[PDB]
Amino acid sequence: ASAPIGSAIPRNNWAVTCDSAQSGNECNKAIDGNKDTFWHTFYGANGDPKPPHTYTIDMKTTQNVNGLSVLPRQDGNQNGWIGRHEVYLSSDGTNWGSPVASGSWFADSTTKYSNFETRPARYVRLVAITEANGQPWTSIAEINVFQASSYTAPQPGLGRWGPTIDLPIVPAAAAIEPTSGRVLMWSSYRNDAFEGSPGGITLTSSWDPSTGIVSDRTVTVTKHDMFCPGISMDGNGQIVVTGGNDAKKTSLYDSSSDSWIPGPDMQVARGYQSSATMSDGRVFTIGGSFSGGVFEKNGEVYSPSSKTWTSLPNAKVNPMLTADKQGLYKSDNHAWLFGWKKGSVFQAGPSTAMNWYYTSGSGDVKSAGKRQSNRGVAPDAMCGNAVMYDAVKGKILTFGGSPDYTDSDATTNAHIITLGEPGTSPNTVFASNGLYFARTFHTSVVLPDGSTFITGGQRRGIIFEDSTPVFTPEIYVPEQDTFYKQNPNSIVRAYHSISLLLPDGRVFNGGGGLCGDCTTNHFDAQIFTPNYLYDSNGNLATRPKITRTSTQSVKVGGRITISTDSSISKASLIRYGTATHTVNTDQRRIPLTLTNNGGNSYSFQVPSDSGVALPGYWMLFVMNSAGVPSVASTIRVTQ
């Protein structure tokens, strides 16, 4: 069950128009307030004209519109449920612009919502592009439009939110498919529920940024309900998804063939563990007592080439536990893991105590000191975020989280940890003056220019309650050691929400909820367009282009040569991301030091240490003197 961001606009004076209406199922039966009457397009004697069908509302005055909702017919007949759809707003009823929301609604009879940033408008149009089962018709028992209490124009310079992407599931986990550019998402055995799973099934959905298409696919071949998993992209270019609702399983998502492949069971049953890809392309995981039982779950390691997991019992979980009020059940969850040099994995929190993990022999763990600064020792920060914004200098930015997983006040703590060699205690300092808004359950991504975007969360973590929401994102800019608030959004993104960097340099931020018939399921996502894509008039800036690359698969240590259609000042590599439960151990950034060959031709070296340039897929971005990034070119990095 979902909910709208607004309050329903009274419909007494509306005029509505539909492409067709069966008599008895007139256009205005969708706004008579009777749930047992519906609008329905032509069928029968009138022929069965096919979608797109269109429902247009003239609301007579300008309202501060922030959603609409559609109640399907309730007579047990599925005909005319809306699948693909687009929502447009207009002030003259003639010029509609770009959709403020689009995507697909799940095929059943529950009320569907489109939630989007407030926009003043007098006319609203819903286009039903497909029917949910492929049939000719559209029907709707009640359509409502919602408004916010006010409207404030976004401020120049601080980015923009929108459009909304409407989805058939809550995307509580997601990954970019690097070879196609699509956003892959999944929930669990149900579109919005995880409890009582019979195991064996994951609902997935994908959004294609370049066609805007949302599709879906029910995955049973890996016999894995993947809610609550570790996620890493391995050196063979496959995404390893572990445990969760089926605590022993491994599923492999292969972006090239766009398919799922069974992997070998883990040695230990786990849920809510973090896994991290290693400098040799293998994947390490540790902890995870959400499923498979509560007990000490020390490290293990997955080998893509031999397809085995092997236990590393001396990579001990004890040193990284938090003091969670709930004990080991929570206290070994969501470690801030980063693969680093020579097979090591750094654990940056959420526990105060940071640790080196080693994966030779049966494993090892070594204290790396406490996360702290001149302001004191940092407390446990369960579901705080950690992001490696400069792998070449070992820089990790950490921020937010709370001492307990849930029912717990979040903080504005933030640190910069600087990694050196494995086994040495890194320098950690406070980042700037901390976050503007205390938050937990927020998500974050490093952006092409090295800044880190931070969004959503709530001030006090109370899972599934969209209370104390934080609507204003922050960006940390490391060269200034400063945070900057960005334009706010209107959809709560708290527990079970995700963010990822898209190839076109925008941020995709969605989910939140996945709690059954709770009222806080967000079956959607929105795009955030950072300010670096706008010129100083607030139009989209012209972006440099990479017109050639000399290779798109390179070995650590190797050079790449590019041509561009114009001069570039900076370049960076950003490793593709994956995301669930605040955790993303896949993204990281490498700033590139460019050789200018002349004529808009440049080279750079991929760092030769593959604990820095972790093997897998990376995005190459180049930025012009104005700071505008290109869209990414995909580079596979090997070792």
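A residue's number is simply how far along the shown sequence it sits, counting from 1.
- Taking only CA atoms, the mean B-factor in the PDB entry is higher for 205 to 213 than for the other of 205 to 213 and 328 to 336.
- In this crystal structure, the stretch out of 237 to 245 and 514 to 522 whose C-alpha atoms carry the higher mean B factor is 514 to 522.
- As recorded in the PDB entry, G538 shows the highest C-alpha B-factor of the residues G538, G361, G450, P530.
- Of all the options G611, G67, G47, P591, the entry's greatest CA B-factor is assigned to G47.
- Among the modelled residues of the chain, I568 sits in the highest third by CA temperature factor in this PDB entry.
- Looking at the C-alpha B-factors along this chain, the one for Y123 belongs to the highest third.
- For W260, the recorded CA B-factor ranks within the highest third of the chain. Only modelled residues enter the ranking.
- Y534 sits in the highest third of its chain by CA B factor, as recorded in the PDB entry.
- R575: CA B factor lies in the lowest third for its chain, per the PDB record.
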